[PDB]
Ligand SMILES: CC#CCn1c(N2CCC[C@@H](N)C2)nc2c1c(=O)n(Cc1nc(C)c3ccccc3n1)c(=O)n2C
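Next up: a single chain in C-alpha cells, the form solved without the named molecule.
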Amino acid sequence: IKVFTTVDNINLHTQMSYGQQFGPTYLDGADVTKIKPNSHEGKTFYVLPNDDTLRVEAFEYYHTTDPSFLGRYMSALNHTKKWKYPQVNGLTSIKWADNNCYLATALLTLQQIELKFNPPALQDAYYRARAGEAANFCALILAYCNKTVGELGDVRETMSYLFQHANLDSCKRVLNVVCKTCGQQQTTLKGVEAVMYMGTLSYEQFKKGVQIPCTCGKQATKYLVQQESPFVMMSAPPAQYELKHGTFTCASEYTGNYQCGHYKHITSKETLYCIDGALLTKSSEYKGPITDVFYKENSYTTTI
C-alpha cells in the first residue's frame, strides 16, 4: 500500500502486508509497529529518523538528536489527545487528568507572557495552543522536559526547561550587591538567569533589596539595578501571600507538601480569577499559598 511517511509533518515523503518495513512507526499517537498496512492508505505516518535526510530534517524541526524524543513524544501524545482543553476566560486550560495540574498552570502562564521558541516544533505548536489545539503542545512540553504522563511535575522546573529552549538573548539583568565590609559588587545576568529568581515573590522587594550572604558571614543586600526583559518570574517556597489586583500578571498556587500537592493558577484581569483546570472562581482580593508570581516588564532602571 502506497503511503506517506514523515518526521515533522512538514516535509512529507511518499514511500506489503511496520517494524521490518519502517521501524518504529506511529499513526496519530498509536504505535502501529506491530501492525500490518487498508484504511491506512495515503495517511501520513510518523517514523523514527533512519536516513541522513530525516536525521537533518529532525533537527530543523525539533532541534534535538535524541532518538528517544519521538518515542517519548508519541507516548505523551496518546494521552494529551484524549485530554479535554476548555476555554476558561479566553484561555485554554486542561481538565484534570493524569496529574496535569502543573501543566495546566504552565499553559495558562504561557498564554499571558511573551515567549519565542527556538525549535519550530515548539513555536508552531505554541500558536496552535492559543487557538485551542493544545494537544501537540502539551506532549512536546513533556518531551522537552524529560517527563512522562502521570508523573508529578513542578511549574518552576518546567518553565525553566522551556526558557532555555527559547530566545531570551536580549534579556539582561544588572544586579548590585553591597557588603558592610567587602564593598559594592556589580553583576550582570543574561538569558534564562535574567528573568527568574528563587527567593522572594515581590518584584518590589527585589528592587528595594533582598538580604543575601557574601563570602563573609556579614549580611549583604541584593537589589535590582537594571532590568531589560518582557517579563520576570518571581519564585519562593510555598508560603502565605496576598495578591493585589493589578500589581501582578499571573501567579501559581501550590497546596500540599513537597512533591505531594496540587497546583492552581491565579491571574489578574478586571478582577482576580482562579483557574482549577475547568473550574473558575472570582475574587477581589486573594490570599493563599503562592509559590510563583509573574510580572511584566520592558525596561527598568533603579534610582540608587
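Start at 1 with the first residue shown and count on from there.
Beyond what is shown, the protein has a form solved in complex with the named molecule; the following relates to that form.
In the deposited bound form, residue 78 stays away from the named molecule, with no heavy atom inside 4.5 Å.
At a distance threshold of 4.5 angstroms between non-hydrogen atoms, residue 114 is out of contact with the named molecule in the deposited bound form. Contact check for residue 125: every heavy atom lies farther than 4.5 Å from the named molecule in the deposited bound form.
The closest heavy atom approach of residue 245 to the named molecule in the deposited bound form falls outside 4.5 Å.
Of the listed positions (166, 142, 74, 129), a single one reaches within 4.5 angstroms of the named molecule by any non-hydrogen atom in the deposited bound form, namely 166. Interface residue among 118, 185, 188, 221, judged by heavy atoms within 4.5 Å of the named molecule in the deposited bound form: 118. Note on the interface: of 39-47, 25-33, 56-64, 267-275, the segment with non-hydrogen atoms within 4.5 angstroms of the named molecule in the deposited bound form is 56-64.
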